[PDB]
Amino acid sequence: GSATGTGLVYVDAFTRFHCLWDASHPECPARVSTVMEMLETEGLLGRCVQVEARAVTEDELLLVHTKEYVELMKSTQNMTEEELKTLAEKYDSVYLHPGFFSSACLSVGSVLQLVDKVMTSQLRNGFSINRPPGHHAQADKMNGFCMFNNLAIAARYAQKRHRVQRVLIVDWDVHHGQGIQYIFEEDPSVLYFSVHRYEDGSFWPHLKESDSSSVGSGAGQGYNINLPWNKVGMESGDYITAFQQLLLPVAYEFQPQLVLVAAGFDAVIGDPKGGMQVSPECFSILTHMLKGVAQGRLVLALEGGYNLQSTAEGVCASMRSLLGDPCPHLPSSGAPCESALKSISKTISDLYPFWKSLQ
């Protein structure tokens, strides 16, 4: 395929690691194989341009991560199960496996491949069907099922290799991507928007900096936007309203040259962790709402999502929009609930001093 195409990256290596000490761990290889099977069954896979993965290089990793941390992660490939468990336990909410590092390197590289093809007009947009996820990973630590911060690396790579000046990262996973926030906290060239379950800190990762008062600092003040949900059960209308009132006006003002999406599907109805009630079809609309900016240069990368069917359906819905199919009518009312409106209004109050579009 070519310029007006939608890229897809998937490699069998993404199934080559799993939790050795918890057979019920939610972050498991079926997450990606099920997505690929549904894309095929739906006839969507054959409409995409198959893009090869590549392994990230050390220098690419060092755009975000420390040399000491990269070397330590590299060494996990030669550690016994006991050593892997001891190291994993020094971080919050991670496991390790002898194949984790190799898959993590292909996970980062998959996004870089799509950035290359989108930025050079060889594709319109794309989706990497990758695990492990990335948005919690930090400069010198694993966190939240993540080793390397796929999208943070991709953003800095777009700036370094393709000389992009402004990148928008949209994170619709149900969890706050605090790793992305930290990496870009002082950086006005990367705008980070996250909508996430918070419940006044009750929900993991339990961080005060996941609240909307965290707007970035220094030159980056105004370029970090958190939308915390404080009740479970949010629906499509809550997300669409947030995008319409808050994200889209800011995004147009920011004028990004590339949009990267932390495309988790743990907010979809049925997810065992997220507690939300978003229909998979909503993600067709959310994807569509991001395509009118950055010349449509839009790259999605899989983050969380743990109900195999719900996550596969959410990926398929997003892919239909990437491919240009007209959006479905959504049955649920587009009106947001009172709690969602309260969070949106609060985030707007915290960000209005930095965005003319919010005044």
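Start at 1 and count along the sequence shown; that's the residue number.
- Of the two segments, 186-194 and 84-92, the one listed with the higher mean B-factor is 84-92 (C-alpha atoms only).
- Higher mean CA temperature factor, per the PDB entry, when comparing 9-17 with 333-341: 333-341.
- Per the deposited coordinates, the residue with the largest Cα temperature factor out of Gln159, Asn224, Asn78, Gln255 is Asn78.
- The residue among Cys48, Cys316, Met36, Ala53 whose C-alpha atom has the highest B-factor in the PDB entry is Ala53.
- Looking at the C-alpha B-factors along this chain, the one for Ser121 belongs to the highest third.
- The entry lists a Cα temperature factor for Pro326 that places it in the highest third of the chain's modelled residues.
- Remark: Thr41 belongs to the middle third of its chain, ranked by C-alpha B-factor as recorded.
- When the CA B factors of the chain's modelled residues are split into thirds, the value for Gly201 lands in the middle one.
- Among all modelled residues in this chain, the alpha-carbon of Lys291 has a temperature factor (C-alpha) in the middle third.
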